[PDB]
């Protein structure tokens, strides 16, 4: 269709502020070479955080906010915020962009909400379909092709496995597998149902404002590097490496400010740190 509703408001994006912020430096065309760099720069530049939600504040997905927060401030965002911005840039550069939603599982069971923004991308070189997961917080730092890949492959130095299953009604059910702290594991699952900004707003309104949601409770920060992955899960600080190994640290509230600035490149006003430092969340 052509209604702007089916696209990603690329116009409203300050392409240059953005590309400058993630450190892009390649040719400005819709080539696989560019996509492979866009994904890498973004995933390794932008911090991951749910701080607004923890501070009782709303999370907006309009490009205005997304740009003042992720491009002009020392703040990050989660899946929707990240994917929303990335989609705008992709579109701008002449890429083929269509959305999908996945259900994070991370080894768990049951059926979790489909609230994880994913991007199905097409370049100008050929008909291959690329999946861009730029908002998970742990890469992949390169897009992965949308085709069956049961055998361990590597995006950067991180090991994965793309699996194609069948869900109810003979529908496609994809499963991306990542290797980490607890060995192999299913990160999430997703369908190929066309998704749009309106669908992200629903998903975003749930993830950010629902009690049923963990994201609204305590701090959850990730910072992703090509060779390491930092994670703050409450007062537990984790650093993971591509070979699966890792180490942790049990932090104290007073230690949060520094870790958050140095390790997560997130800067907050005092009232917020103060608020963070003494949030009722710690009691849990």
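Residue numbers count along the first chain shown, from 1.
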What stretch has the higher average Cα B-factor here, 208-216 or 130-138?
208-216
Once you work out the mean C-alpha B-factor for both 71-79 and 120-128 from the entry, which is higher?
120-128
Say you rank 27, 49, 227, 62 by Cα B-factor from the PDB entry; which sits at the top?
27
Take the CA temperature factors straight from the PDB entry and tell me which of 110, 99, 84, 102 peaks.
110
If you rank the chain by CA B-factor, which third does residue 248 end up in: lowest, middle or highest?
highest
Considering every modelled residue of the chain and its Cα B-factor in the PDB entry, is residue 143 in the lowest, middle or highest third?
lowest
Based on the deposited C-alpha B factors for this chain, I'd like to know if residue 164 is in the lowest, middle or highest third.
highest
Compared with the other modelled residues in the chain, in which third is the CA B-factor of residue 42?
middle
Sort the modelled residues of this chain by their C-alpha B factor and say whether residue 57 lands in the lowest, middle or highest third.
middle
